[PDB]
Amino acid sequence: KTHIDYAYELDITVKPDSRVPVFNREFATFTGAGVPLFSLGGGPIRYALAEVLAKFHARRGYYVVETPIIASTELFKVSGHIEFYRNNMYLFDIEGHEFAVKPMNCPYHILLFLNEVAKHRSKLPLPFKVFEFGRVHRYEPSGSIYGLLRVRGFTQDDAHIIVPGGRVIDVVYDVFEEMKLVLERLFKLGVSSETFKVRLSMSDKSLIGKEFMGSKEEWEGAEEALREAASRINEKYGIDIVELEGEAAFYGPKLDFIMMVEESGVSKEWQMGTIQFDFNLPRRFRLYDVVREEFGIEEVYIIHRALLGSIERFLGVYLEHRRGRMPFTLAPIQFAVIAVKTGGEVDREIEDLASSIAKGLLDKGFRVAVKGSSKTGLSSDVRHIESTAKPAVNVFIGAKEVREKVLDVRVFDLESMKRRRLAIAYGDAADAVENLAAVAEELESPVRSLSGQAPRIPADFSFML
């Protein structure tokens, strides 16, 4: 089972090679290869993700933005190289004039910086931090496409930071702290000395001015910002730091976030976001000039950063590491309500309890699926539910639950990777809904500390069970 299997079973995506009813052709022969089609289970995940990440960034001091999907290629000529990158771009004509589907958000985020400087000049505070849940499209050959990992259109938790020399170490460190908060609180992935690695990729000093563009001073101030920040990370968490000479991009050094995972029992890297300096963009968009003239700052850095990286890719690898098991806030089905029918007259109270709880949870904004089951059917029904839909919480309502006034509620524990039984007392349907909503709020708590609000995007997914 790969993420292609989990994504399909959880209905996060449509499988490219599933056959379209009546056409008996594959979904991929309508959509094209490497264009992930998010389905009904995946839709609420995408809105929840944008909203949580946007709000998380706004609370940490980033301006949230949305930039156009297309642009004149003048935009990418200025940025540019163009002769090279042109080749990874989807290009088209309006009206003699060359346009591209955006492959990166950077030039747009810089124009937004430039517009604010023109309007407000030095009243604009530095560091200037801009975040976008951004949608980018890039050429990939057919043989390179794989699931959600390598695709033609995808999403980044992208941000750009323009930070003076006096604050750059803190900014680098803070981005690490942001990455950790998102992993731990949104995804429930522990970030510690045993699970995490920070890798720095630096210049070869003998090659500055040639394969590494820019000045010695730029490279030294940037590499030294990464070393101090990484030294604070290691001091604080005992997280180990790896430095690779000569591995930086031509336009600046970087730091990569790397989770260490184990099979099976093989130790494997899971690469996530990056912090990437850029000596090219401040030259091409005249940012060094603009900052010097308007702010009187001579030492300034331009940073590209993501925490997750590609969201599709992140999600792909997540589905594998966690065997289809989503955190409560991101689970296609949040509460599965399972009515264990008996054949006897108690089935009426069971049916009314299940149905009322389901309605009440939907009204609180939760994603709910009701399953009609039976004493003899239960074991096989549950097994299907676990091997396919993997609801965040199972609520079992049988004769015993009705007579004893205690729900049998099974939350899936992401650390132990097991269901955990809770006994939830209730007086009636409404009281049961309140109590189930309390369990949910506890599961939502870490996401509230990131974004202020946990997203409630309700859906009735009963048809899936």
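So that there is no doubt, residue numbering starts at 1 and follows the sequence shown.
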When mean C-alpha B-factors in the record are compared for 80-88 and 181-189, the larger belongs to 80-88
Determine, for stretches 47-55 and 392-400, which one has the higher mean CA B-factor as deposited. 392-400
Out of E269, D204, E386, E116, whose C-alpha atom has the biggest B factor in the entry? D204
Residue set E95, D174, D157, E320, per-entry CA B-factor max assigned to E95
Could you place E211 in the lowest, middle or highest third of its chain by Cα temperature factor, using the values in the record? highest
Would the CA B-factor of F27 place it in the lowest, middle or highest third of its chain? highest
If you rank every modelled residue in this chain by C-alpha B factor, which third holds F295: lowest, middle or highest? highest
By its CA B factor, does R421 count among the lowest, middle or highest third of the modelled residues in the chain? middle
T329 - which third its CA temperature factor falls in, relative to the rest of the chain: lowest
